[PDB]
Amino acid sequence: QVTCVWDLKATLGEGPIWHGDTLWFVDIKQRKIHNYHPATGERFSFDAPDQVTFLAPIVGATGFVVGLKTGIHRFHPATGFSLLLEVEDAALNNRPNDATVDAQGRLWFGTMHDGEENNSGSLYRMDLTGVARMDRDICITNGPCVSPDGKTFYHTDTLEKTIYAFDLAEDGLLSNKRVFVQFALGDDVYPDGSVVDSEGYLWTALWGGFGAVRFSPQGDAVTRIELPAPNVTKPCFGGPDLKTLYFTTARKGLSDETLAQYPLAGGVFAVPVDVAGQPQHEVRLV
């Protein structure tokens, strides 16, 4: 049985990372940044001026790169949020979503239509050279991640239920886009966030799928973890050995009867696994 380590009941828990030997994540719709210490069970929360969608630590503990609906900001507990750059026109009614940091310190993050209807979202790569638009015309982007060897990049079109794979060159460009995995069975099962473990396997959390799936680098499902929560948003490897798989979940979109049957929905869950994950990388801004 899977254990819920924090009965947070978040509306849209998302973007978990393992940083400073603690778990950091967000509640997008409640505009919260949460921090959880597994060794003591202590929890901390910070209020955000708008929807906050991802966190990525910057080298030197100079804060996090975070995604607010108003743009990409820096967040530091002792200075708040300060605008780093607007990436899209506010008229699009877009907002950032998921993100990851590769082994070279680059921040890959996506945008999406906040109304979840228009194909106005894009994929961006933020590094020392600036911000480059890597893909476009995606309604809900999700789960950017790179393989441990750095040669493969994964990205998710959630509403199309598709996970694509790209060839990633050392210079940082994507090529040879192809469908990695397509979800067919499940009318209300959508792929949300994904990560890649130390062995190159893809862990994908299922929106409306009550858990997460582990895929071989060839695209075959090999393991499924089930949670007492209908909408699982993202996995994150943490713990002292990177073998404790945490999961964020969401109460958004669930009826009152479903939430009464699954009262732990929106909480943070943890499961021990056999394969360790990848260490968290930090964004290079200098």
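Just count from 1 along the sequence shown to find any residue number.
Of the two stretches examined, 123-131 and 72-80, the record assigns the greater average C-alpha temperature factor to 123-131. Annotation for 251-259 versus 60-68: the higher mean temperature factor (C-alpha) is found in 251-259.
Each of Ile163, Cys139, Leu107, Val195 has a CA temperature factor in the record; the biggest one is found at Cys139. Across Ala99, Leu173, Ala205, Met112, the greatest Cα temperature factor reported in the deposited entry is at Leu173. Placement of the Cα temperature factor of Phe180 within the chain: lowest third of the modelled residues, per the deposited record.
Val268: CA B factor lies in the lowest third for its chain, per the PDB record. The entry lists a Cα temperature factor for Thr156 that places it in the lowest third of the chain's modelled residues. Remark: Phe44 belongs to the highest third of its chain, ranked by C-alpha B-factor as recorded. Among all modelled residues in this chain, the alpha-carbon of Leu227 has a temperature factor (C-alpha) in the highest third.
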